[PDB]
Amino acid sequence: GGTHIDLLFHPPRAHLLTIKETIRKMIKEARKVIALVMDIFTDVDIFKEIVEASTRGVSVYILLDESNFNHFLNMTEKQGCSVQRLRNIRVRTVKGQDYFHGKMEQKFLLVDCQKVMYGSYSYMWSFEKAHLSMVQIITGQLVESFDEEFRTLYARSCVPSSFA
């Protein structure tokens, strides 16, 4: 049992799907669990795909950088889609060390302890339209290190202040 890695780019270079399509497809094909670590999450199309996964019964764990969490909240409000009322979705925040806000500068998407997308793509309009980025699609043994990291992050996460 080794590790396999494909590179994807935005803009695309020698692969048929954009990074965003690949994300939406990875969410679409989730069977059991989605673990997401994201710095900024405002992309409505990716959000919808996640909500939909949850309604099929997939458990979804999301960890967001605390300092940008408001941009996610704003987006969920616009979508008339309160994350607290969705029973299969947990969302917690992670911060770094303050001095100036320390941040969780990590991002990745993990599905079913089977596939990871790891890279520089944030779930925002601007990464679809403006930014250059790259990700890895990872399968095999190294996905276990992404579980351990996700669990580790989750262990240090807080319930966002908005939730009473």
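Heads up, when I say rigid core I mean the largest set of C-alphas that superpose within 1.5 Å between the two forms. One rule holds for the numbers: they count along the sequence shown, beginning at 1.
Asks: Is the larger C-alpha RMS shift in 8 other deposited structures of this protein, relative to this form with the rigid core superposed, found in 71-79 or in 90-98?
Replies: Stretch with the higher C-alpha RMS distance in 8 other deposited structures of this protein: 90-98.
Asks: With the rigid core held as the alignment frame, decide whether 100-108 or 113-121 lies farther from the shown form in 8 other deposited structures of this protein, in terms of RMS C-alpha distance.
Replies: Higher root mean square deviation of C-alphas in 8 other deposited structures of this protein is shown by 100-108.
Asks: Just how many deposited residues go unmodelled from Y99 to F100: none, 1 to 3, 4 to 9, or 10 or more?
Replies: In the deposited sequence, 4 to 9 residues between these two have no coordinates.
Asks: Tell me which stretch, 68-76 or 82-90, has the higher mean Cα B-factor listed in the entry.
Replies: Between 82-90 and 68-76, it is 82-90.
Asks: As stated in the PDB record, which stretch has the larger average Cα B-factor, 119-127 or 100-108?
Replies: Going by the record's values, the stretch with the higher mean is 100-108.
Asks: Per the entry's Cα B factor values, which of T139, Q136, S133, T55 stands out as the maximum?
Replies: In the PDB entry, the greatest C-alpha B-factor among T139, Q136, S133, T55 is found at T55.
Asks: Going by the CA temperature factor in the PDB record, which third of the chain does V60 belong to: lowest, middle or highest?
Replies: For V60, the deposited C-alpha B-factor lands in the middle third.
Asks: Sorting the chain's modelled residues by C-alpha B-factor, tell me whether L8 ends up in the lowest, middle or highest third.
Replies: Ranked within chain, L8 CA B lands in the lowest tercile.
Asks: If you rank the chain by CA B-factor, which third does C113 end up in: lowest, middle or highest?
Replies: Answer is highest: the recorded C-alpha B-factor places it there.
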